[PDB]
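J.: Quick one: structure below, then a few questions.
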Amino acid sequence: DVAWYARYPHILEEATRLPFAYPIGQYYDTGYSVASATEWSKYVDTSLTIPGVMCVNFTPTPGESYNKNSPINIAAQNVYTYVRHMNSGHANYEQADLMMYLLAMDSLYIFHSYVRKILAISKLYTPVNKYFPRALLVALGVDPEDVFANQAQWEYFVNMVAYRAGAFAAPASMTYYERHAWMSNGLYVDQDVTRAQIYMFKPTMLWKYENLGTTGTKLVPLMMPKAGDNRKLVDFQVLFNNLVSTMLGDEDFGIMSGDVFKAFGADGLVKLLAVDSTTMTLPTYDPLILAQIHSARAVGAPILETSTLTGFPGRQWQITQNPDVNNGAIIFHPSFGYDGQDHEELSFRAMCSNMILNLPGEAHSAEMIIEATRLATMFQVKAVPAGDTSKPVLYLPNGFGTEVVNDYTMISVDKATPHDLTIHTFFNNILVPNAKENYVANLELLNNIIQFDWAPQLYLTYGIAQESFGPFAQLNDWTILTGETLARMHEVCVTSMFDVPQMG
Amino acid sequence: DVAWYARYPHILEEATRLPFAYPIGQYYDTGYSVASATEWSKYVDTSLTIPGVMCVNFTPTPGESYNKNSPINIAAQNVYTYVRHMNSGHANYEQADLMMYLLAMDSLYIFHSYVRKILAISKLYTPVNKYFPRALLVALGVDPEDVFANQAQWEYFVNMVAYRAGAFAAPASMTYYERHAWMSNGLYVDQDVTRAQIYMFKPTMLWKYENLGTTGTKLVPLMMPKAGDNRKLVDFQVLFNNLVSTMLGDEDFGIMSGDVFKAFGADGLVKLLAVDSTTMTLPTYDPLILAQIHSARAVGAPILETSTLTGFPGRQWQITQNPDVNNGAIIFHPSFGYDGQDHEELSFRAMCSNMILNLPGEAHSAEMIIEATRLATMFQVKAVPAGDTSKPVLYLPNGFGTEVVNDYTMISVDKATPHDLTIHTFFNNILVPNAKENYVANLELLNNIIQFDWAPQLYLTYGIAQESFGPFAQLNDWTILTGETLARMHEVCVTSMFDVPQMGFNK
Amino acid sequence: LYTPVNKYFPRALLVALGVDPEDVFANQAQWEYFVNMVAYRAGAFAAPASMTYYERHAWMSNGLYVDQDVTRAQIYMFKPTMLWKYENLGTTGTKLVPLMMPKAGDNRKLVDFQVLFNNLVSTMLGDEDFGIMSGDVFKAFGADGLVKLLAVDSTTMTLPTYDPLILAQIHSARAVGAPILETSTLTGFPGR
Amino acid sequence: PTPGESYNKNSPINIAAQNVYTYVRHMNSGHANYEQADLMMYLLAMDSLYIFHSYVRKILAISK
Amino acid sequence: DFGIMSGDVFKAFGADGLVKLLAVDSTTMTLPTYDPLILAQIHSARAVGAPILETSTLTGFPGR
């Protein structure tokens, strides 16, 4: 093409010998091309910080359940007539007791995968990614130095969680457990390179069993460590020791576990992976899970019994089953759009438009479309507040998958000295108030987010413009997705997750 | 991995069944998921405007030149020895006259590539892309209906330009002409998909030859139409007549044309190929062009003789030579950082840090690194104002390639009714003043830019915070590049461009 | 169904069934999803295939019948006037109450058939006692001895067949009148 | 140019509208912001476009 | 609506399954052919009269 380069190849060789592959996890100063430009102090951005970790903070859901015609009540009927017709005898439980046992088993398995990922991250080292492993330990909520100093007690605790939770039976033919294990036991790169950026899934809350005696059962939230909490082994021990406190030496739980063990054999049970001081998970490339992260759609913080919601009493998230309410059905319709305060976070107004399903290539199979929409949750109506005065605005969806996303947490390095880890928590929607300092901070966050390849699509509202701007994402072959289509897809995937191949 | 999907493929098949692959070029409303959210009117964005065209607006340069060791002066000597001494040419001109002639031929050929791209775009229609052809005719600065209504006159004017250009001789093996012709005659997709984003290259100005007799020879800028101009064929004909008026009566150019014809033969000359009614251009995929456009770094507006720059009296862009000045050297030493107004575009302070050069993959071959840095131009020093009251801030580079980028022009559809085409021009640096209708407009700008795949890196200055943000791009495999390294790569690529291998040396 | 020599295909057969024909053409994929979901929800229950009640009702209901074996023949269909709707009376037993179907020329949409299905199986779809009875029937009569439901795959097309056995029943058919409902006004006949 | 005579749904133009809307919309996953009559009106306007083209190119080819 | 329908017909029928108007050049000649089917149409062709317009005055037939 150029005949001069073939005549002087040494000139072209030595002139373009540049050091590439800068290690990520570091602050880099670019310097000045105009030496005089130090008189223009903040007008010259000589800084460069590449992020490494985006943790998707999820909540495991049973799907939306208003009555007995719900997919998990139908699945409760199906698994109860399966288990009851292998364990002939006098059962002392209903459909709903067995299905709430099978839902508490999922929170136990996700907790085991969570602490096992805490151990398996701590052995990760790469000289070209300085986020390994302390940023992945900060994003999970643990104190990284506590895992390094107290390694053998952490390994004993994780092996004891796998031995205690492994004493119970849960059917492996239910793909609910396999999907949650695939999300929780996974380190995912956004691009298949060496200095790639890492996606993680972490449970925001887990579902805590409590037997209400005559008035049924309840699954109440148990909150997990958020990022930057510096939680020690004693805190995770307290979390495990009130997660299984109602279950570990219990009569009825043992009867249900033995019934599930006789119905589904030992080869058809959910297995727990053990640790042996050499267990090391490696960051894999999985474009199926990156499509779900791209179409992920945050719903807000969980509402608890202690949460203050002015105008919304009794809106806490719970999987309830009362025999005197809704014909004894498992009930779960959580209210979304809550961010932890009483101020009407009005970035959630930007989620009231229809979503964009962005997806790569030109040919999109049915499994790809049904898998990419798993973390997508669109609001449908406003929740009606109880009272004339109401400080927040809540929303009701048109259904949701087996997980909803509560938050995302980004880990990058600080551009000021010392260059420690910065933790940024955000929804898909981001409010930018009218202040001087948060415009360039929102630019920092936006450029940090676009470093991640198939990142969630952002919505940005402004204070003085009084308007949201729509999907901030690079598009592809896209489509506009409506609430009834996503509701049908959610129905299909809640049905497929809890399906057991039966004999009757 | 989900066994239920294989046992019920029909339910999964009627469950998804989505539209998929909307034609780009038109506005799309997403609608509401919460139907009562019309009470929160502007706080819900239901709009979807996918852009189609980013036009890179460039200036053809001979490289930076302030002494005899410039690549343009070494090339002038090297081609004057071949024409004058090795081939027994005439002795009524020097090497700088021959190189000015060789530089004016480039502007002639760039004009030809420009108008034949205007010709070939106007026949492009497809159902999947409603930007074709009208947005691409708008980005080049023409009336899109004039090229439809006067297609035969356009088609014969392009051929007449190519036939009139045969009055002059210029060597074909000199890669300067080949690079400019290939650059200004291409539509480039950013992704190689069906409905991709289009990249173009338009000249901001061309170089017009001016004879001065005893006091040398200039090349002055002749401005090309910008993207909102709606220029007809009569305007482009007046531009071509203005470009060749000082060239066909010049006896020095007649002697130099005969000398280049005699030295390089007839088959060793630049031939502009004739087009016909079936001549179609198609948007290709080229990862080298995208590697140029990513890390392309804009310099600002060309400075003219009638441009008001307080504190910088004579600083217009001109390729000059004078036998008294600098012992007959060709001098092109332009000032950068001008935006067309008599003020300081203080977002150009964000271009005063070292550039980032990120590439795809991890290979990074040597010619890939020399090609990815062609349109990258870093500043080195401020210009010194002549006086005490200076309104703008001008900059001096550390060399540049054969093209500098002036700005970029993006063509998208309007968010509001009647959803016409929107023309936004911007540098790599973008200033956001503290007003209500600047933040969401800049956010629309940013999201329209990130639709383009290997886009230029943006530097966003916020006047409220007095703080610029650095490279707004996603980085894959990057280096921090200093000015001496880019200067070395520039000297290499400009030396290779003006090399004429048709001289039969051993070498 | 399409034939250039019978212009009653398919709009007259859709009007006679009570559906809006244009709603089935415009909303084809949602209709197919609804029918596959009815076959998946009702197919979760067990009913013995050795009981010829189900096979006779499926032979009447899944059937297009010509009166003569020709090309421009005339079509017989069977459509349920009403269906039997379950309601558990608790201590006082059980009851099957009528659920009326769309009559001809009603222009009913997919939402109306969804409402009909969603109060047909509302007392049954996540129920304890129904699941126990279905599991008992599944263990008694095996999986090969259960009533199967034919699925649709966007190519399912029934063709008008000639069956002189069903035409003999149509010839000797003998209409009994409208069903009496709880809202029906029968002067001199209470509780009928 | 006529689409034939049409006063009810059994017209050949209405049967053709249904038959082409099923192929474009349902068999090929088209968009859902139009009905079959819009698609057939579009398909009928394309015919007038093509007849205009044949008309002016006959004017062209006759004059030589 | 026509842009969406054009994209849908393009996607449904491909690019080679569409009506292509062929380009003519300076050497494009039409020649009068002999066709007995066209003559069989023109014989027994039966005229209907003028098209009725919105501005056409037809007393007793207001909108027709």
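The chains in the structure tokens are called A, B, ... from first to last as shown; in each chain the residues are counted from 1, and the ligands are counted from 1 in the order shown.
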Can you tell me which residues surround residue A:422 at a distance of at most 8 Å, considering only C-alpha atoms, apart from same-chain residues fewer than 5 positions away, and format the answer as a count of residues only?

T.: 5

J.: Set the cut-off to 9 Å and count only C-alpha atoms: what are the residues of chain B that reach chain D? Output as a VMD selection string.

T.: chain B and resid 17 to 20 22

J.: If you run DSSP over the backbone, which residues in stretch 250-397 of chain A end up strand (DSSP E or B)? Put them as number ranges by chain.

T.: A: 269, 284, 298, 319-321, 331-332, 336, 353, 355-359, 379-382, 395-397

J.: Can you write just those residues out, N, CA and C atoms, as an mmCIF file, in the first residue's frame?

T.:
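File written: result_1.cif
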```cif
data_model
loop_
_atom_site.group_PDB
_atom_site.id
_atom_site.type_symbol
_atom_site.label_atom_id
_atom_site.label_comp_id
_atom_site.auth_asym_id
_atom_site.auth_seq_id
_atom_site.Cartn_x
_atom_site.Cartn_y
_atom_site.Cartn_z
ATOM 1 N N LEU A 269 -30.536 -34.471 43.789
ATOM 2 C CA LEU A 269 -30.539 -33.432 44.802
ATOM 3 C C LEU A 269 -29.520 -32.354 44.463
ATOM 4 N N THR A 284 -14.824 -16.090 33.745
ATOM 5 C CA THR A 284 -15.167 -16.671 32.460
ATOM 6 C C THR A 284 -15.920 -15.665 31.603
ATOM 7 N N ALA A 298 -33.158 -2.002 37.598
ATOM 8 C CA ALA A 298 -33.183 -1.965 39.054
ATOM 9 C C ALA A 298 -34.533 -1.490 39.581
ATOM 10 N N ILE A 319 -42.773 -12.996 51.625
ATOM 11 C CA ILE A 319 -43.463 -14.147 51.061
ATOM 12 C C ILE A 319 -44.315 -14.726 52.185
ATOM 13 N N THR A 320 -45.592 -14.370 52.199
ATOM 14 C CA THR A 320 -46.515 -14.724 53.265
ATOM 15 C C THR A 320 -47.387 -15.899 52.830
ATOM 16 N N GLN A 321 -47.735 -16.751 53.790
ATOM 17 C CA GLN A 321 -48.753 -17.771 53.564
ATOM 18 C C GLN A 321 -49.592 -17.911 54.825
ATOM 19 N N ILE A 331 -48.293 -15.783 48.910
ATOM 20 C CA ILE A 331 -48.561 -14.432 48.437
ATOM 21 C C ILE A 331 -47.264 -13.638 48.448
ATOM 22 N N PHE A 332 -46.935 -13.025 47.311
ATOM 23 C CA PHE A 332 -45.786 -12.126 47.220
ATOM 24 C C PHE A 332 -46.065 -11.126 46.103
ATOM 25 N N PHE A 336 -42.319 -1.619 44.512
ATOM 26 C CA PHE A 336 -41.009 -1.217 44.026
ATOM 27 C C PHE A 336 -40.874 0.301 44.013
ATOM 28 N N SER A 353 -41.332 4.863 31.116
ATOM 29 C CA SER A 353 -41.394 4.585 29.694
ATOM 30 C C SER A 353 -41.157 3.100 29.451
ATOM 31 N N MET A 355 -39.327 -0.220 27.889
ATOM 32 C CA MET A 355 -37.911 -0.532 27.852
ATOM 33 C C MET A 355 -37.448 -0.854 26.439
ATOM 34 N N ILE A 356 -36.131 -0.878 26.273
ATOM 35 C CA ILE A 356 -35.484 -1.238 25.021
ATOM 36 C C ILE A 356 -34.731 -2.533 25.262
ATOM 37 N N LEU A 357 -35.080 -3.574 24.519
ATOM 38 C CA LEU A 357 -34.339 -4.828 24.582
ATOM 39 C C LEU A 357 -33.241 -4.758 23.531
ATOM 40 N N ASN A 358 -32.029 -4.450 23.971
ATOM 41 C CA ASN A 358 -30.875 -4.391 23.094
ATOM 42 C C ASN A 358 -30.173 -5.737 23.086
ATOM 43 N N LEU A 359 -29.770 -6.183 21.896
ATOM 44 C CA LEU A 359 -29.305 -7.553 21.779
ATOM 45 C C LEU A 359 -28.428 -7.639 20.543
ATOM 46 N N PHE A 379 -42.220 -1.124 35.568
ATOM 47 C CA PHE A 379 -43.343 -0.696 36.384
ATOM 48 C C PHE A 379 -44.605 -0.643 35.536
ATOM 49 N N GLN A 380 -45.751 -0.793 36.187
ATOM 50 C CA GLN A 380 -47.024 -0.787 35.480
ATOM 51 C C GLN A 380 -47.956 0.310 35.960
ATOM 52 N N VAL A 381 -48.125 0.457 37.268
ATOM 53 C CA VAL A 381 -48.989 1.460 37.864
ATOM 54 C C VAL A 381 -48.260 2.077 39.048
ATOM 55 N N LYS A 382 -48.888 3.073 39.657
ATOM 56 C CA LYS A 382 -48.447 3.584 40.942
ATOM 57 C C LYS A 382 -49.171 2.832 42.045
ATOM 58 N N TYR A 395 -44.369 1.838 43.160
ATOM 59 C CA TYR A 395 -44.842 1.311 41.892
ATOM 60 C C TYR A 395 -45.167 -0.164 42.041
ATOM 61 N N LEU A 396 -46.051 -0.642 41.178
ATOM 62 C CA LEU A 396 -46.342 -2.059 41.068
ATOM 63 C C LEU A 396 -45.947 -2.544 39.687
ATOM 64 N N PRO A 397 -45.249 -3.662 39.571
ATOM 65 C CA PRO A 397 -44.825 -4.150 38.258
ATOM 66 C C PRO A 397 -45.954 -4.901 37.564
#
```

J.: Write out as a ChimeraX atom specification the residues lying within 7 Å of stretch 31-48 of chain C, counting only C-alpha atoms and excluding same-chain residues fewer than 3 positions away.

T.: /B:11,14-15 /C:24,27-28,51,110,134,137-138,141,145-147,149,151-152

J.: Compile a residue-level contact table for chain E against chain B at a cut-off of 8 Å, reporting for every qualifying residue the shortest atom pair and its distance in Å to one decimal, with only C-alpha atoms counted, rows ordered by chain and ascending number, as a tab-separated table.

T.:
```
residue	atom	partner	partner_atom	distance
E:3	CA	B:127	CA	7.0
E:4	CA	B:23	CA	6.7
E:6	CA	B:127	CA	5.5
E:7	CA	B:127	CA	5.2
E:10	CA	B:127	CA	6.7
E:25	CA	B:277	CA	7.6
```

J.: Identify every residue of chain E that has at least one atom within 7 Å of any atom of chain D, counting only C-alpha atoms, and report the result as a list in words.

T.: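 Applying the cut-off to the listed atoms yields residues 2, 5, 8, 9, 12, 28, 29 and 30 of chain E.
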
J.: Give me the residues of chain D that have any atom at most 8 Å from an atom of chain C; for each, the nearest atom pair and the distance in Å, rounded to one decimal. Use only C-alpha atoms, sort by chain and number, and format it as JSON lines.

T.:
```
{"residue": "D:10", "atom": "CA", "partner": "C:7", "partner_atom": "CA", "distance": 7.0}
{"residue": "D:18", "atom": "CA", "partner": "C:25", "partner_atom": "CA", "distance": 7.5}
{"residue": "D:22", "atom": "CA", "partner": "C:25", "partner_atom": "CA", "distance": 7.4}
{"residue": "D:26", "atom": "CA", "partner": "C:28", "partner_atom": "CA", "distance": 7.1}
{"residue": "D:35", "atom": "CA", "partner": "C:26", "partner_atom": "CA", "distance": 7.3}
```

J.: Take the residues from that selection and write them out as an mmCIF file, in the first residue's frame, keeping C-alpha atoms.

T.:
```cif
data_model
loop_
_atom_site.group_PDB
_atom_site.id
_atom_site.type_symbol
_atom_site.label_atom_id
_atom_site.label_comp_id
_atom_site.auth_asym_id
_atom_site.auth_seq_id
_atom_site.Cartn_x
_atom_site.Cartn_y
_atom_site.Cartn_z
ATOM 1 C CA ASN D 10 -64.764 -11.434 1.025
ATOM 2 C CA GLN D 18 -55.070 -10.810 5.185
ATOM 3 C CA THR D 22 -50.035 -12.887 7.974
ATOM 4 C CA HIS D 26 -46.829 -13.011 11.911
ATOM 5 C CA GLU D 35 -53.223 -3.423 10.298
#
```

J.: Starting from chain C, keep only residues with some atom at most 7 Å from an atom of chain A, counting only C-alpha atoms, and report them as a ChimeraX atom specification.

T.: /C:122,125-128,131-132,135,138-139

J.: Suppose we keep N, CA, C and O atoms; can you now write the selection as a PDB file, in the first residue's frame?

T.:
```pdb
ATOM      1  N   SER C 122     -60.299 -21.142  37.974  1.00  0.00           N
ATOM      2  CA  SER C 122     -59.880 -20.294  39.087  1.00  0.00           C
ATOM      3  C   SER C 122     -59.936 -21.034  40.415  1.00  0.00           C
ATOM      4  O   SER C 122     -59.103 -20.805  41.300  1.00  0.00           O
ATOM      5  N   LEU C 125     -56.725 -24.302  39.831  1.00  0.00           N
ATOM      6  CA  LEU C 125     -55.406 -24.297  39.212  1.00  0.00           C
ATOM      7  C   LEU C 125     -54.263 -24.362  40.215  1.00  0.00           C
ATOM      8  O   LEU C 125     -53.186 -24.856  39.871  1.00  0.00           O
ATOM      9  N   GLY C 126     -54.464 -23.894  41.441  1.00  0.00           N
ATOM     10  CA  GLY C 126     -53.452 -24.059  42.465  1.00  0.00           C
ATOM     11  C   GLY C 126     -54.016 -24.691  43.718  1.00  0.00           C
ATOM     12  O   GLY C 126     -53.599 -24.363  44.832  1.00  0.00           O
ATOM     13  N   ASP C 127     -54.962 -25.607  43.543  1.00  0.00           N
ATOM     14  CA  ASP C 127     -55.756 -26.126  44.645  1.00  0.00           C
ATOM     15  C   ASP C 127     -55.159 -27.411  45.209  1.00  0.00           C
ATOM     16  O   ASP C 127     -54.600 -28.235  44.485  1.00  0.00           O
ATOM     17  N   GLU C 128     -55.293 -27.563  46.527  1.00  0.00           N
ATOM     18  CA  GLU C 128     -54.815 -28.733  47.254  1.00  0.00           C
ATOM     19  C   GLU C 128     -55.581 -29.995  46.886  1.00  0.00           C
ATOM     20  O   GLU C 128     -54.979 -31.007  46.501  1.00  0.00           O
ATOM     21  N   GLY C 131     -55.275 -31.175  43.295  1.00  0.00           N
ATOM     22  CA  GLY C 131     -53.988 -31.808  43.073  1.00  0.00           C
ATOM     23  C   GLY C 131     -53.922 -33.205  43.652  1.00  0.00           C
ATOM     24  O   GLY C 131     -53.326 -34.103  43.054  1.00  0.00           O
ATOM     25  N   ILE C 132     -54.561 -33.413  44.807  1.00  0.00           N
ATOM     26  CA  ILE C 132     -54.599 -34.744  45.412  1.00  0.00           C
ATOM     27  C   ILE C 132     -55.402 -35.711  44.545  1.00  0.00           C
ATOM     28  O   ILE C 132     -54.965 -36.841  44.287  1.00  0.00           O
ATOM     29  N   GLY C 135     -53.380 -36.451  41.355  1.00  0.00           N
ATOM     30  CA  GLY C 135     -52.301 -37.389  41.615  1.00  0.00           C
ATOM     31  C   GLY C 135     -52.801 -38.800  41.844  1.00  0.00           C
ATOM     32  O   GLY C 135     -52.155 -39.771  41.438  1.00  0.00           O
ATOM     33  N   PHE C 138     -53.618 -40.114  38.476  1.00  0.00           N
ATOM     34  CA  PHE C 138     -52.356 -40.389  37.788  1.00  0.00           C
ATOM     35  C   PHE C 138     -51.713 -41.684  38.272  1.00  0.00           C
ATOM     36  O   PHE C 138     -51.063 -42.389  37.494  1.00  0.00           O
ATOM     37  N   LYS C 139     -51.832 -41.994  39.561  1.00  0.00           N
ATOM     38  CA  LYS C 139     -51.252 -43.246  40.029  1.00  0.00           C
ATOM     39  C   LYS C 139     -52.132 -44.437  39.672  1.00  0.00           C
ATOM     40  O   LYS C 139     -51.612 -45.523  39.395  1.00  0.00           O
TER      41      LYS C 139
END
```

J.: Could you check which of B:415, B:382, B:374, B:294 is closest to residue B:336, using only C-alpha atoms?

T.: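 Of B:415, B:382, B:374, B:294, the one nearest residue B:336, counting only C-alpha atoms, is B:382.
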